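Here's the structure, in structure tokens; my notes come after.
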Amino acid sequence: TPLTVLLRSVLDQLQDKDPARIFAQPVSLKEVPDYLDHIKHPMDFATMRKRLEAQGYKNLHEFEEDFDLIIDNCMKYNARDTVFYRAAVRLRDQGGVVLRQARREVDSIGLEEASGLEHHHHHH
């Protein structure tokens, strides 16, 4: 469907803002045993991918909410002076540009035309 196509393109670009794959898979309790003491709703790109594949996002807003979980959880759990926190800040800022442009396109030119534009932009 057009919505899956749009969200797939957006998710691919969001992951490009995470080149070291810090957010690509769930945080492991084996490596981070106290994670769930601070984070109640873990989220990661692979989990968003699965939800996408199954048409589990009603619209862009629900998709943004999952992206926000990835960001907010990382800035909550990890202290400011860490590699994880800084990577979350870059993903928040760089991905926010992507998300606001995608919403802007859907609202102005329609979902199909936005999915077409998101599959290959001519500029950024």
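First residue of the sequence shown? That's 9 in the numbering used here, and the numbers climb one at a time after it.
Note that CB positions come from ideal geometry on N, CA and C, so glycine has one too.
- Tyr65 has its alpha-carbon roughly 7 Å from the corresponding atom of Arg59.
- With respect to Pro10, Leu119 sits close: the two C-beta atoms are nearer than 7 Å.
- The shortest CA-to-CA distance from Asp45 to any of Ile117, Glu121, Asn81, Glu61 is the one to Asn81.
- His130 and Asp42 have their C-alpha atoms some 45 Å from each other.
- Contact between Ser123 and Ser17 holds: CB atoms are separated by about 7 Å, below the 8 Å threshold.
- About 5 Å separates the CB atoms of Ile30 and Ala95; that is less than 8 Å, so the two are in contact.
- The continuous alpha helix (DSSP H) containing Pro10 extends over residues 10 to 24.
- Taking C-alpha positions only, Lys25 is separated from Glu39 by approximately 24 Å.
- By the neighbour-count criterion, in which a residue is buried when 16 or more other Cβ atoms sit within 10 angstroms of its Cβ, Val35 is buried.
- Between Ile79 and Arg100, the gap from beta carbon to beta carbon is short of 7 Å.
- In this structure, the alpha-carbon of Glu126 lies about 11 Å from that of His132.
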